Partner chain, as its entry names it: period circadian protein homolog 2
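Take a look at this single chain, the form deposited without its partner chain, given in structure tokens.
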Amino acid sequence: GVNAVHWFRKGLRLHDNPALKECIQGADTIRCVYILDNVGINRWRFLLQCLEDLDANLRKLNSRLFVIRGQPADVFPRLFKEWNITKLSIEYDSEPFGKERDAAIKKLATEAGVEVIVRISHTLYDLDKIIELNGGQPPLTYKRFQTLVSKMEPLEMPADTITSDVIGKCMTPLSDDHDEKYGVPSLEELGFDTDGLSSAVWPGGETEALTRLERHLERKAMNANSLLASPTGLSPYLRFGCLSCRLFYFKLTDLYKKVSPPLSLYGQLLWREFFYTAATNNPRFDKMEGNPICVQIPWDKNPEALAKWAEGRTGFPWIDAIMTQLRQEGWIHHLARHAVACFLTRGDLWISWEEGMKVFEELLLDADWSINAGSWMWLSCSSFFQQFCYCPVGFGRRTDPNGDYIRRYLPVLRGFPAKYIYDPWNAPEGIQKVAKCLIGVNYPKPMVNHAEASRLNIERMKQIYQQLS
């Protein structure tokens, strides 16, 4: 009869999944597949927990998740024959590399005779309609984007959650060896080293996401504490699709009327849509050269300075603590991202924003390709009509004067008083000795003179924008 596959990539959830809902209709069998292809261990652990949660939720419906390793263009032809498939569904991917992959798979599926169901559910709106309304090009200012959104039609209701009623007569063929053939692998099974690993600060999955949403909405009814990961934080769940942006939007509206909302209510989701809209028609969005919206800047090439930044060994505790929290947990505060991005690019190291993007792509759980690239251009003054220097000592000191953020992520500095915790090289030798941390030995000296470096770099950027004008 009619055998369907729903292909999970993003949208790792059973709620608000219109592609999966439409795939199930009229189908006699359904199989949900995830296909495993610069990704760090925290990202992999989050994804694997998403799949684990997906699998457990499908088992409640007497189904399972099918995890396959391979290239989709190799794998789907085999699957189409093995399972006699005539129906394939995906959530639409607006990002240019995902667009490219999906057009190839659609071609393969058509040749095989498989119909392809594509549904928008990872963004609030159809990005093509926003671009058409703005005249064929995405807006490069948030204000114009807000003007476009406010003209759009009201958001339709989120798709019905995949339940037993929705499934109807559809079923999943099961085998007793399913885990051996198609199980969700562990990190070690992928070859990752997990010896140092601690329990995840950000456990993946739709169940965690929906639990966090309820608690977030109840609570809603920077500062030193806000630097720490929040139990009600939602951005990794949005990036992976564990939490629908449309469901979040609808819950926010509901909360507002219980307590004509302004768009700033939806600012977290709208800012995400903005960068997705900017990226979708730009295949060079993640590059400087050949990118039509990116200012050409002669960035320095310095692998050693780049490695010090990436690994949190700059000798600036504020910067190093942030980069350490990012590496250990996969999330840092919005304003912390400003601090380290400025240090790497226009502020201190004059290193290309492309290098920062690569590091965040490995480490940052909530950093979608479109948002990561757009953000690094934004904060390096390379696009979005942006023309701007954070201080790598003062910024931390003002935000967490007692320095407990530093002591949490750089324990070698714990003995230092608050007076020197953000600039330990200024501490007298006796204080360094009773803290048992000599600067330049147990913790590195500052890699750059900030005042000299920032002053020169401000001049360089000013010359760039004088050349532009």
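Take the two forms, find the largest set of C-alpha atoms that superpose within 1.5 Å, and that set is the rigid core. Shifts are known only where both forms have a C-alpha. Numbering follows the first chain given and starts at 1.
This next part talks about the form solved in complex with its partner chain, which is not shown.
J.: Is there a heavy atom of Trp83 no more than 4.5 Å from a heavy atom of its partner chain in the deposited bound form?
T.: Taking the distances in the deposited bound form, the answer for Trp83 is no, it never comes within 4.5 Å of its partner chain.
J.: So in the deposited bound form, does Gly113 come within 4.5 Å of its partner chain, heavy atom to heavy atom?
T.: Although its partner chain is absent here, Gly113 would stay clear of it in the deposited bound form, with no heavy atoms inside 4.5 Å.
J.: According to a 4.5 angstroms non-hydrogen atom cut-off, is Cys170 in contact with its partner chain in the deposited bound form?
T.: Contact check for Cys170: no, nothing within 4.5 Å of its partner chain in the deposited bound form.
J.: Is it the case that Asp300, even though its partner is missing from this view, gets within 4.5 Å of its partner chain in the deposited bound form, heavy atoms only?
T.: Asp300 belongs to the contact set for its partner chain.
J.: Give me the residue from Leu174, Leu190, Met157, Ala73 that has a heavy atom within 4.5 Å of its partner chain in the deposited bound form.
T.: Spelling it out, the residue with a heavy atom inside the cut-off is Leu190.
J.: Could you spot which one of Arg284, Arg327, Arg119, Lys251 gets a heavy atom to within 4.5 Å of its partner chain in the deposited bound form?
T.: After the contact test, the surviving option is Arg327.
J.: So which stretch, 75-83, 235-243, 287-295, 104-112, is the one near its partner chain in the deposited bound form (non-hydrogen atoms, 4.5 Å)?
T.: Selected stretch: 287-295.
J.: What residues in 429-448 sit within 4.5 Å of its partner chain in the deposited bound form, counting heavy atoms only?
T.: If the 4.5 Å heavy-atom criterion is applied to its partner chain in the deposited bound form, 429-448 yields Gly440, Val441, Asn442, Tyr443, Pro444, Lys445, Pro446, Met447, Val448.
J.: Could you point out the stretches of 3 or more consecutive residues whose C-alpha atoms all move by 2 Å or more between the shown form and the other one when the rigid core is superposed?
T.: The segments that shift (3 or more residues, C-alpha shift of 2 Å or more) are 224-226, 385-388.
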